[PDB]
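Test case, fold it:
(2 chains)
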Amino acid sequence: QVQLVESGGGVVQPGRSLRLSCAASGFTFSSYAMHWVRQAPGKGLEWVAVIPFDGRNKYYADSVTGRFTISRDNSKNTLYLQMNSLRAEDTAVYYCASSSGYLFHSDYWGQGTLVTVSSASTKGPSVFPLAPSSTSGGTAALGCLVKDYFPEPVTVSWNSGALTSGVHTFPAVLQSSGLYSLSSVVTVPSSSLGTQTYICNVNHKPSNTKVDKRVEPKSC
Amino acid sequence: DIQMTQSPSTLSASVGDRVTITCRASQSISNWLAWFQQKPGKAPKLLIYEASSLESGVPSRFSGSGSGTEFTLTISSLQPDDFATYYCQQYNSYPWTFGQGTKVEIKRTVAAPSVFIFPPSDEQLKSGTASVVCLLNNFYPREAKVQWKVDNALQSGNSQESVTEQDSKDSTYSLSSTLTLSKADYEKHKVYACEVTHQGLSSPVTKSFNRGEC
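Numbers count the residues shown, from 1 in each chain, chains lettered A, B, ... in the order given. There you are, the coordinates:
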């Protein structure tokens, strides 16, 4: 059926340029207007640009006028966004979107591609234990501090997926160094530390980093 | 462009409540106003077009009204799968512009946090930094205050906080706070504590440790 696939996202130093692409199948791409929309991390949707089927017009959000260029190749069934003079505030997930009518319909949205604009450089995370401490009963919290990575995202699982109940993985914060840090925690019965193994699984695809860190109480 | 201002930015309601969201345009948009629903990791869904027409297959408990510069989305009886973020969007003019969004969260009873404190690992101390972590687990409402104290001295500017979305099972939040110090500043002090203030706590809860398992 109807699908839209963005590619070309990654990281960019400020003032530089990046080109996105979106490929379409399952609908008559050569007769549809096509839009870009972006969404910065946990912020709102922002409309970026639109181009009709024949390219006869190109419209742009005020914040990207003069720096961004939308174009299309109906032959290949693909849409492009050329971004120049990129700024920190252009960091966002970029989506292609269309419609069988005029307005956006959920069927016609892409999966998104992340773009991060920053003077920081790609970096894999350091993974540190958040060690638990009465151990005969009660509740223990433990976790992993996933620190100083770039760009987003990391994924965190626990015991390779077999531990999901009580897991909270927090949204990253941006440190003043330009690097991200987050935490992942789980509450377990404190008596389980004597019988059970707890390992957090961290993945940072942008740096090909894969860490498994066992989290144990520290030796008194 | 035409600037769209939604209010409120956040809202807590219970199942069965009547919910009303307002959107104001900076100039007239006639009736070319749309409302969308977005759940996280989901594509936006069109609810209302041209200000008051219901999209095909959208519960009749959703309605919209208005013209000109002031517009309203209303949910007559709030249902469980309607807790989401709601955007208005004008299409009178290019550039198309979205409002900033309205998050509709679930109301529930007060629930005080379970508090936990984590010292920095030896591994991170070898690297020259110390992160101290304070966890506030499963609390409601979202408002909480975390104060770091080092040998009883309030700290400021050296911590960052993050909060989860509402849990799917029990509608609470959790919050993580990290205090960051250089290894040098860390070893200059003994007592590390986070103090937590919250509605479900009759007085502030403190959790602490002494550097060097003391």
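
Let me see the domain layout of the chain.
Going with chain A. Chain A is divided into the following domains under curated CATH domains: A:3-117, A:126-215.

Switch to chain B, please.
Looking at curated CATH domains, the domains of chain B come to B:4-106, B:114-210.

Dump the ones you listed into a markdown table; add mean neighbour count as well.
Bear in mind the C-beta positions are built from the backbone N, C-alpha and C, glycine included. As requested, these are exported to a markdown table (neighbours: other CB atoms under 10 Å in any protein chain shown):
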| stretch | mean neighbour count |
| --- | --- |
| domain B:4-106 | 17 |
| domain B:114-210 | 17 |
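
Make CSV from the ones you listed and add distance to residue A:51 to it.
Compiled in CSV, these are given as follows (distance: least, CB to CB, whole Å):
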stretch, distance to residue A:51
domain B:4-106, 11
domain B:114-210, 35
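
Turn the ones you listed into TSV, columns for distance to chain A.
Compiled in TSV, those are given as follows (distance: least, CB to the nearest CB, whole Å):
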stretch	distance to chain A
domain B:4-106	4
domain B:114-210	4
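
residue nearest the centroid of chain B?
Closest to where the C-alpha atoms of chain B average out (CA atoms, centre = their mean) is residue B:165, at 6.5 Å.

quick revisit: will you turn the domains of chain A into a markdown table that also has distance to chain B and mean neighbour count?
Formatted as a markdown table, the domains of chain A follow (distance: least, CB to the nearest CB, whole Å; neighbours: other CB atoms under 10 Å in any protein chain shown):
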| stretch | distance to chain B | mean neighbour count |
| --- | --- | --- |
| domain A:3-117 | 4 | 17 |
| domain A:126-215 | 4 | 18 |
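
Which one of those domains lies nearest to residue B:60?
domain A:3-117 (19.3 Å; CB to CB).

and the nearest residue to residue A:88 once chain neighbours are set aside, what does it touch?
Leaving aside its chain neighbours, residue A:88 sits nearest to residue A:117 (5.3 Å; criterion: CB to CB, 6 or more residues apart in numbering or on different chains). If you count contacts by CB atoms under 8 Å, 6 or more residues apart in numbering or on different chains, residue A:117 has them with A:11, A:12, A:13, A:14, A:86, A:87, A:88, A:89, A:90, A:91.

which residues does residue A:117 bridge with?
residue A:12 (DSSP bridges).

any idea how far it is from residue A:188?
40 Å (CB to CB, to the nearest Å).

and what of residue A:105?
Taking CB to CB, one finds residue A:105 at 44 Å from residue A:188.

right, and out of the contacts of residue A:117, which lies closest to residue B:3?
Within these, proximity to residue B:3 (CB to CB) peaks at residue A:89, which comes in at 16.9 Å.

In a strand, that closest one, correct?
No. Using DSSP: H, G, I helix; E, B strand; the rest coil, the secondary structure at residue A:89 is helix, not a strand.

Tell me who's in contact with it.
A:40, A:63, A:117.

so the residue lying closest to residue A:168 once chain neighbours are set aside is in which element?
Excluding the flanking residues, the one nearest residue A:168 by CB to CB, 6+ apart is residue B:174, at 4.6 Å. Assigning secondary structure by DSSP states H and E places residue B:174 in strand B:173-182.

Which other helices and strands does that strand contact?
strand A:180-189, strand B:129-139, strand B:145-150, strand B:159-163, strand B:191-197 (3 or more CB pairs under 8 Å, 6 or more residues apart in numbering or on different chains; DSSP states H and E).

now the helix or strand following the first one against strand A:180-189, angle please.
For strand A:180-189, the succeeding helix or strand toward the C-terminus, using DSSP H and E, is strand A:199-204. Computed by axes from the mean of the first three to the mean of the last three CA atoms, to 10 degrees, the angle separating strand A:199-204 from strand A:180-189 equals 160 degrees.

ok, residues contacting strand A:199-204?
Contacts of strand A:199-204 (CB under 8 Å, 6+ apart): A:124-125, A:127, A:143-144, A:146, A:149, A:154-160, A:184, A:209-215.

Kindly report the same for stretch B:201-211.
Contact with stretch B:201-211 is made by B:112-113, B:115-117, B:119, B:134, B:149, B:186-187, B:189-198, as judged by CB under 8 Å, 6+ apart.

go on, stretch B:152-170?
In contact with stretch B:152-170 (CB under 8 Å, 6+ apart) are residues A:168, A:170-173, A:175, A:181-183, B:40, B:83, B:105-106, B:108, B:111, B:138, B:142, B:146-149, B:172-181, B:191.

Now do that stretch: distance to the chain's middle.
12 Å (CA atoms, centre = their mean, to the nearest Å).

quick one: the helices in chain B?
With helices called from DSSP state H, chain B shows them at B:122-126, B:183-187.

Dump these to JSON lines, plus distance to residue B:96.
Shown next, in JSON lines, are the helices of chain B (distance: least, CB to CB, whole Å):
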{"stretch": "helix B:122-126", "distance to residue B:96": "47"}
{"stretch": "helix B:183-187", "distance to residue B:96": "50"}
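
Show me the one of those helices that comes nearest residue B:57.
helix B:122-126 (52.3 Å).

Now residue B:40. Nearest residue, chain neighbours left out?
Leaving out its chain neighbours, the residue that sits closest to residue B:40 by CB to CB, 6+ apart is residue B:165, at 7.0 Å.

right, and the domains of chain A - which one's nearest residue B:18?
domain A:3-117 (24.4 Å).

Now do that closest one: distance from first to last residue.
Its start and end residues considered, domain A:3-117 measures 27 Å (CA to CA, to the nearest Å).

what do you get for stretch B:95-102?
21 Å.

So what touches that stretch?
Contacting residues not belonging to stretch B:95-102 are listed as A:35, A:44-47, A:50, A:59-62, B:1-11, B:21, B:23, B:38, B:85-90 [CB under 8 Å, 6+ apart].

again with stretch A:25-43
Outside stretch A:25-43, the residues touching it (CB under 8 Å, 6+ apart) are A:1-3, A:20, A:22, A:45-53, A:70, A:72, A:74, A:77, A:79, A:81, A:89-100, A:104, A:108, A:112, A:115, A:152, A:171, B:96.

In strands only, show me those residues.
Among the contacts of stretch A:25-43, the members found in strands (DSSP state E) are A:3, A:20, A:22, A:45-51, A:70, A:72, A:79, A:81, A:92-97, A:115.

which ones are touching residue B:25?
Counted by CB under 8 Å, 6+ apart, residue B:25 has contacts B:2, B:3, B:4, B:5, B:33, B:68, B:69, B:70, B:71, B:90.

again, but for residue B:71
B:22, B:23, B:24, B:25, B:33, B:51, B:64, B:65, B:88.

Residue A:73 pairs with what?
The partner residues for residue A:73, given DSSP bridges, come to residue A:78.

So it versus residue B:111, what's the distance?
In terms of CB to CB, residue A:73 sits 55 Å off from residue B:111.
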